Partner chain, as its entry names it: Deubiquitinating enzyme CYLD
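Only one chain is included here, represented as structure tokens and corresponding to the form deposited without its partner chain.
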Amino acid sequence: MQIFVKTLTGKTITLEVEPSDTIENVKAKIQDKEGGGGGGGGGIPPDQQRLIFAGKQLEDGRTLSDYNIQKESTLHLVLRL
């Protein structure tokens, strides 16, 4: 299914996910989508980032289906520094 993410730089991207995908699996899919410019090494680590859905912070050890995140949902990436 498709979900959308608003990234830290304000872009919107589309991911292909399954309801059983874990929160870190989703985060990793986001990183994959943003790595065709800088070139070498350059990024903010997964643990400094969180995903928010409808005002709620998503936690690790959980899947998309655990938050009832369905197709065409938008998630927001935020920093937790």
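Throughout, rigid core stands for the largest set of C-alpha atoms superposing within 1.5 Å between the two forms. Numbering follows the first chain given and starts at 1.
Trainee: Which is higher on mean Cα B factor in this entry, 43-51 or 29-37?
Mentor: Taking the mean C-alpha B-factor of 29-37 and of 43-51, the larger value falls to 29-37.
Trainee: By its CA B factor, does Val5 count among the lowest, middle or highest third of the modelled residues in the chain?
Mentor: CA B-factor rank for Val5: lowest third.
Just so it is clear, the following notes concern the form solved in complex with its partner chain, a form of the same protein that is not shown.
Trainee: Can you tell me if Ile52 lies within 4.5 angstroms of its partner chain in the deposited complex, counting non-hydrogen atoms only?
Mentor: Contact with its partner chain, yes.
Trainee: Pick out the residues of 47-81 whose heavy atoms come within 4.5 Å of its partner chain in the deposited complex.
Mentor: The stretch touches the partner through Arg50, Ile52, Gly55, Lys56, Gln57, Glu59, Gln70, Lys71, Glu72, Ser73, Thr74, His76, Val78.
Trainee: Of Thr9, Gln57, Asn68, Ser20, only one moves its C-alpha by 2 angstroms or more between the shown form and the other one once the rigid core is aligned, so tell me which.
Mentor: None of the others reach 2 Å, which leaves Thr9.
Trainee: Relative to what we see here, could you say if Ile44 and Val26 have their Cα atoms closer or farther apart in the deposited complex, with a change of 3 Å or more?
Mentor: Those two alpha carbons end up closer in the deposited complex.
Trainee: Explain in one word, closer or farther, how the Cα atoms of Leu8 and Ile30 are placed in the deposited complex relative to this form, where the distance changes by 3 Å or more.
Mentor: So the answer is farther.
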